[PDB]
Protein chains: 2
Amino acid sequence: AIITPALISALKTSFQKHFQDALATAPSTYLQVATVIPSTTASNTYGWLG
Amino acid sequence: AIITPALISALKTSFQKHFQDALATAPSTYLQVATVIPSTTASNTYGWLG
């Protein structure tokens, strides 16, 4: 006649991490639509002739 | 002879430590009425069989 706190609830229970980091995020797709340009200062300026 | 107050007031004297630890009351008087139990845990559960 063990008291409920020390029962299947807590005393008899094993922790498992099968659900961890299983639901993923949508795959990255920004490369297909955008291109990467590096920078090394506060801003970047672009110019073309015509 | 004929020493100014600063030289007399200056620390020609040695500094001891017999003052410290004089009133150091002996701890651990609670062991007579209490037992020390390590936790290593947020909480502890104590349940005995009858």
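Per chain, numbering begins at 1; letters A, B, ... match sequence-line order.
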Nearest heavy-atom pair of B:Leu31 and B:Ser28: which atoms, and what distance? CD1-OG, 2.7 Å

Just verifying a value: how many Å separate A:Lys17 NZ and A:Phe19 CZ, rounded to the nearest 0.5 Å? 14.5 Å

What do you reckon, is OH of B:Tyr46 surrounded by more than 12 foreign heavy atoms closer than 6.0 Å? yes

Should the heavy atoms of other residues, nucleotides or ligands under 6.0 Å from CG of B:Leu11 be counted, would the total exceed 12? yes

Tell me every residue that passes ring-ring contact (aromatic ring centres under 6.0 Å, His included) with A:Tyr30, counting only those two or more places apart in sequence or in another chain. none

Surrounding NZ of A:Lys12 (heavy atoms of other residues, nucleotides or ligands, distance under 6.0 Å), is the total greater than 12? yes

Donor-acceptor contact below 3.5 Å, side chain A:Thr41 vs main chain A:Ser43: no

Mind checking whether B:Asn44 and B:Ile37 have side chains closer than 4.5 Å, heavy atoms only? no

Looking only at non-hydrogen atoms, find the nearest pair between A:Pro5 and A:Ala10 and report the distance. O-CB, 3.3 Å

Spatial distance of atom CD1 (A:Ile2) from atom CD1 (A:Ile8) [nearest 0.5 Å]: 11.0 Å

